[PDB]
Amino acid sequence: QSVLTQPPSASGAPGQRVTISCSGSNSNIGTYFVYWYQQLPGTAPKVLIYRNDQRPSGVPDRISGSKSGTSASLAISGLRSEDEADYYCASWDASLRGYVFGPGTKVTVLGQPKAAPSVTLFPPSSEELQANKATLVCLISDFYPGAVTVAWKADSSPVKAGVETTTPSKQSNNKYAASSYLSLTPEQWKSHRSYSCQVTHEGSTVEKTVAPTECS
Amino acid sequence: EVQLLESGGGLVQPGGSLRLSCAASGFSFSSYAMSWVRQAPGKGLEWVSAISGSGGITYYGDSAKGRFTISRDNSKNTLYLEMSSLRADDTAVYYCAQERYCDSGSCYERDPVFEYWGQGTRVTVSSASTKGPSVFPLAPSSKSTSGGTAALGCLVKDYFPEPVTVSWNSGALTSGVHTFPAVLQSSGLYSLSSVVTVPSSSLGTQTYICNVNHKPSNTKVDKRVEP
Amino acid sequence: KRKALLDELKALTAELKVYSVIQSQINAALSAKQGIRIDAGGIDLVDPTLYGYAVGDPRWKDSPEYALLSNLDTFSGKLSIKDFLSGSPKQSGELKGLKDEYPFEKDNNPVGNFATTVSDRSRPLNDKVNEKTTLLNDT
């Protein structure tokens, strides 16, 4: 038995409605009535809901909890900045099933437009390679939502040697930007004469490349 | 306001031990059972001990050989955990929670799921030697030159501890420089970067140079840029 | 020779029997939607209803059960569940924080949590039984 999943991945402008939902099974779901978790950036995790649909002694009933057979669910209305969070539908344990606490789910109040990313790529010069220190790089900027995700390949082979993957930065325009660095010997440049990367973002996925001959 | 409050946390040393503790307020917590949980960077949550310390052997998990356990006093409305014979890995963040919501049995083992949480604190194995960084800059490719923008930056990797200051152009460039609060990584060490923005026409044309200080050594570190 | 570990197991068995009789009331009370009492408003444990009725010959007076109960620091000629749980000497250690009557008050419904708490001191008894029976099965 392995039955829960955490898929809904939503984002919506301030004040909107959203539906949020997770799978399960009748050995389990029939035994509970709703409780889930919310977490603001820079905080410890917090209470959502109880008594089938009631919200805390501190927030209104903007949320309805719900369930049906092989599934568990929730919906929200009048969404707010304190709802900017990762959300977990959990059951306080790991146990035997594949999901029992689970990854959570990023959800965002879109106080900005869903602007698509800029991308630009950095092979260094051969004049930087002559020091052996040189490193292959990709840059991404000017986006929402924040969950941009990337995977390098030595030509075709997905990598882990020489890898660094920095924190994103909030830009001075207060969109996000993010970048990756691959520090390598000249023999790893001259053997894998290009590198290719997956570059994923919402409705916007691409795969892109670098070669030292572009910037020598 | 109704809440819990913690005590004990901060810094620890190898082979020694230290205590964390949690206290209730605004409600008469009185007798309700309590469970312990850990957090780390970039993840949700995990078990540390169930109910009482009974799900809390001096050897972790159902077994992993680490000496951690608990004590309880709801009469004081406050409860406790101790940490001993440390790995580096015991460096993390920690929280506690109470039982409440349960009726008609329904779960038919333990309870219908637990119900309220503390605020928590950092713990760190504070023995590590100071170590200065390695530093590497950017020199923009011609793919950037539509819209004429020299956005360029640098990477600072595998150093301890924080903090750092960054500047450019013999330190004579300071405005529009971005800042990156550092984060720890699986080498055991800090990491950060920076980016700054000018017209593309000036690239390689002026004294352009990365200029950094690692404040725990106060060491200045620098790297040049060329056309 | 080395029999004392078996006598410790006779004690663990009597200890677990007393817990098992108490749990046998608990599960019935819960199934009947009733509360339970640990105090002087409830039953006394030093009673032949732990097996039967009257003195069924001296076998009950001779039992590790009756011996242990009548040995307790909290025993007085009488002993409630509260006095037994907070009692000594015994192989399980003592249990703190006891109340009096556990009510079947719907929501937060606490009678199962008392059952769980008695189960919590029962876990060390299963653990000690498992190891001691393992060592005995190496005899």
# chains A, B, ... in the order shown; residues from 1 in each chain; ligands from 1
$ residues_around --residues "region 84-94 of chain A" --least-positions-apart "6" --cutoff "10 Å" --atoms "only C-alpha atoms" --output "ChimeraX atom specification"
/A:4-6,9,11,20-22,32,34-41,45-46,48,72-74,100-110 /B:37,44-47,50,112-115
$ residues_around --residues "region 184-190 of chain A" --least-positions-apart "2" --cutoff "8 Å" --atoms "only C-alpha atoms" --output "count of residues only"
12
$ residues_around --residues "region 175-184 of chain B" --least-positions-apart "3" --cutoff "10 Å" --atoms "only C-alpha atoms" --output "PyMOL selection string"
(chain A and resi 166-172) or (chain B and resi 41+152-153+156-168+172+187-198)
$ interface_residues --of "chain A" --to "chain B" --cutoff "6 Å" --atoms "only C-alpha atoms" --output "PyMOL selection string"
chain A and resi 31+44+122
$ residues_around --residues "residue 29 (chain B)" --least-positions-apart "6" --cutoff "10 Å" --atoms "only C-alpha atoms" --output "list in words"
residues 4, 23, 74, 75, 76, 77, 78 and 98 of chain B
$ closest_residue --among "C:21, C:35, C:28, C:77" --to "residue 104 (chain C)" --atoms "only C-alpha atoms"
C:35
$ atom_distance --atom1 "CA of residue 68 (chain C)" --atom2 "CA of residue 33 (chain B)"
29.3 Å
$ select_by_dssp --residues "region 89-138 of chain C" --states "helix (DSSP H, G or I)" --output "PyMOL selection string"
chain C and resi 111-136
$ write_last_selection --atoms "N, CA and C atoms" --output "CSV table (one decimal), in the first residue's frame"
chain,number,residue,atom,x,y,z
C,111,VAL,N,-9.8,9.0,27.0
C,111,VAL,CA,-9.8,7.7,27.6
C,111,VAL,C,-8.8,6.8,26.9
C,112,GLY,N,-8.7,6.9,25.5
C,112,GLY,CA,-7.7,6.2,24.7
C,112,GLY,C,-6.3,6.6,25.0
C,113,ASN,N,-6.1,7.9,25.4
C,113,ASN,CA,-4.8,8.4,25.8
C,113,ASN,C,-4.3,7.8,27.1
C,114,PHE,N,-5.2,7.6,28.1
C,114,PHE,CA,-4.8,6.8,29.3
C,114,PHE,C,-4.4,5.4,28.9
C,115,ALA,N,-5.2,4.7,28.1
C,115,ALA,CA,-4.9,3.4,27.6
C,115,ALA,C,-3.5,3.4,26.9
C,116,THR,N,-3.2,4.4,26.1
C,116,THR,CA,-2.0,4.6,25.4
C,116,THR,C,-0.8,4.8,26.4
C,117,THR,N,-1.1,5.5,27.5
C,117,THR,CA,0.0,5.8,28.5
C,117,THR,C,0.3,4.5,29.2
C,118,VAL,N,-0.7,3.7,29.6
C,118,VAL,CA,-0.4,2.4,30.2
C,118,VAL,C,0.3,1.5,29.2
C,119,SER,N,-0.1,1.6,27.9
C,119,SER,CA,0.7,0.9,26.8
C,119,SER,C,2.1,1.4,26.8
C,120,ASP,N,2.4,2.7,27.1
C,120,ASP,CA,3.8,3.2,27.0
C,120,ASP,C,4.7,2.5,28.0
C,121,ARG,N,4.2,2.3,29.3
C,121,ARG,CA,5.0,1.5,30.3
C,121,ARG,C,4.9,0.0,29.9
C,122,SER,N,3.9,-0.5,29.2
C,122,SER,CA,3.9,-1.9,28.7
C,122,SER,C,5.0,-2.1,27.6
C,123,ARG,N,5.4,-1.1,26.8
C,123,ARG,CA,6.4,-1.3,25.8
C,123,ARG,C,7.8,-1.8,26.4
C,124,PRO,N,8.3,-1.1,27.5
C,124,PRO,CA,9.5,-1.6,28.2
C,124,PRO,C,9.3,-3.0,28.7
C,125,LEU,N,8.1,-3.4,29.1
C,125,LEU,CA,7.9,-4.8,29.5
C,125,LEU,C,8.0,-5.8,28.4
C,126,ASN,N,7.4,-5.5,27.2
C,126,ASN,CA,7.7,-6.3,26.0
C,126,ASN,C,9.2,-6.3,25.7
C,127,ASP,N,9.9,-5.2,25.8
C,127,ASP,CA,11.3,-5.1,25.5
C,127,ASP,C,12.1,-6.0,26.4
C,128,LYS,N,11.9,-5.9,27.7
C,128,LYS,CA,12.6,-6.7,28.7
C,128,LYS,C,12.2,-8.2,28.5
C,129,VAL,N,10.9,-8.5,28.3
C,129,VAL,CA,10.5,-9.8,28.0
C,129,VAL,C,11.2,-10.3,26.8
C,130,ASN,N,11.3,-9.6,25.7
C,130,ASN,CA,12.0,-10.0,24.5
C,130,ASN,C,13.4,-10.4,24.7
C,131,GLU,N,14.2,-9.5,25.3
C,131,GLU,CA,15.6,-9.8,25.6
C,131,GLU,C,15.7,-10.9,26.6
C,132,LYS,N,15.0,-10.8,27.8
C,132,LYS,CA,15.2,-11.9,28.8
C,132,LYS,C,14.8,-13.2,28.3
C,133,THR,N,13.6,-13.3,27.5
C,133,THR,CA,13.3,-14.6,26.9
C,133,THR,C,14.3,-15.0,25.8
C,134,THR,N,14.9,-14.1,25.1
C,134,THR,CA,16.0,-14.4,24.2
C,134,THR,C,17.2,-15.0,25.0
C,135,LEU,N,17.6,-14.4,26.0
C,135,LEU,CA,18.7,-14.9,26.9
C,135,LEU,C,18.3,-16.3,27.4
C,136,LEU,N,17.1,-16.5,27.9
C,136,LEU,CA,16.6,-17.7,28.4
C,136,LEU,C,16.6,-18.8,27.3
$ select_by_dssp --residues "region 65-104 of chain A" --states "strand (DSSP E)" --output "PyMOL selection string"
chain A and resi 65-68+71-76+85-88
$ residues_around --residues "residue 105 (chain C)" --least-positions-apart "2" --cutoff "10 Å" --atoms "only C-alpha atoms" --output "JSON, numbers by chain"
{"B": [103], "C": [33, 34, 35, 102, 103, 107, 108, 109, 110, 111]}
$ write_last_selection --atoms "N, CA, C and O atoms" --output "PDB file, in the first residue's frame"
ATOM      1  N   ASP B 103     -11.455  11.859  18.409  1.00  0.00           N
ATOM      2  CA  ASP B 103     -12.781  11.431  18.870  1.00  0.00           C
ATOM      3  C   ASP B 103     -13.211  10.088  18.266  1.00  0.00           C
ATOM      4  O   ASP B 103     -12.707   9.695  17.214  1.00  0.00           O
TER       5      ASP B 103
ATOM      6  N   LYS C  33     -18.452   3.099  25.447  1.00  0.00           N
ATOM      7  CA  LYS C  33     -18.419   4.572  25.521  1.00  0.00           C
ATOM      8  C   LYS C  33     -18.433   5.139  26.952  1.00  0.00           C
ATOM      9  O   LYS C  33     -18.927   6.237  27.202  1.00  0.00           O
ATOM     10  N   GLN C  34     -17.927   4.375  27.912  1.00  0.00           N
ATOM     11  CA  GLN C  34     -17.811   4.772  29.314  1.00  0.00           C
ATOM     12  C   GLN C  34     -16.446   5.408  29.600  1.00  0.00           C
ATOM     13  O   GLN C  34     -15.463   5.114  28.923  1.00  0.00           O
ATOM     14  N   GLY C  35     -16.363   6.230  30.651  1.00  0.00           N
ATOM     15  CA  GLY C  35     -15.086   6.598  31.276  1.00  0.00           C
ATOM     16  C   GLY C  35     -14.482   5.464  32.120  1.00  0.00           C
ATOM     17  O   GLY C  35     -15.049   4.374  32.218  1.00  0.00           O
ATOM     18  N   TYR C 102     -11.015   9.364  34.195  1.00  0.00           N
ATOM     19  CA  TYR C 102     -10.845   9.719  32.789  1.00  0.00           C
ATOM     20  C   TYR C 102     -12.216   9.651  32.101  1.00  0.00           C
ATOM     21  O   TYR C 102     -12.777   8.559  31.980  1.00  0.00           O
ATOM     22  N   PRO C 103     -12.790  10.787  31.673  1.00  0.00           N
ATOM     23  CA  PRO C 103     -14.160  10.847  31.183  1.00  0.00           C
ATOM     24  C   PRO C 103     -14.218  10.630  29.677  1.00  0.00           C
ATOM     25  O   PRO C 103     -13.356  11.108  28.945  1.00  0.00           O
ATOM     26  N   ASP C 107     -14.748  14.537  21.632  1.00  0.00           N
ATOM     27  CA  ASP C 107     -13.663  15.422  21.169  1.00  0.00           C
ATOM     28  C   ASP C 107     -12.517  15.642  22.173  1.00  0.00           C
ATOM     29  O   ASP C 107     -12.714  15.887  23.363  1.00  0.00           O
ATOM     30  N   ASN C 108     -11.283  15.610  21.657  1.00  0.00           N
ATOM     31  CA  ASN C 108     -10.038  15.439  22.427  1.00  0.00           C
ATOM     32  C   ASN C 108     -10.015  14.109  23.240  1.00  0.00           C
ATOM     33  O   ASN C 108      -9.285  13.973  24.220  1.00  0.00           O
ATOM     34  N   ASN C 109     -10.852  13.142  22.850  1.00  0.00           N
ATOM     35  CA  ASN C 109     -11.450  12.110  23.704  1.00  0.00           C
ATOM     36  C   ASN C 109     -10.413  11.248  24.479  1.00  0.00           C
ATOM     37  O   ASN C 109      -9.789  10.353  23.903  1.00  0.00           O
ATOM     38  N   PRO C 110     -10.177  11.525  25.777  1.00  0.00           N
ATOM     39  CA  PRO C 110      -8.906  11.228  26.435  1.00  0.00           C
ATOM     40  C   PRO C 110      -8.758   9.805  26.968  1.00  0.00           C
ATOM     41  O   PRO C 110      -7.660   9.406  27.348  1.00  0.00           O
ATOM     42  N   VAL C 111      -9.825   9.015  27.018  1.00  0.00           N
ATOM     43  CA  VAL C 111      -9.772   7.672  27.615  1.00  0.00           C
ATOM     44  C   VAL C 111      -8.778   6.779  26.872  1.00  0.00           C
ATOM     45  O   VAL C 111      -7.976   6.077  27.488  1.00  0.00           O
TER      46      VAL C 111
END
$ closest_residue --among "C:30, C:81, C:38, C:50" --to "chain B" --atoms "only C-alpha atoms"
C:30
$ closest_residue --among "C:31, C:47, C:1, C:138" --to "chain B" --atoms "only C-alpha atoms"
C:31
$ residues_around --residues "residue 202 (chain A)" --least-positions-apart "4" --cutoff "12 Å" --atoms "only C-alpha atoms" --output "number ranges by chain"
A: 9-11, 114-117, 143-149, 206
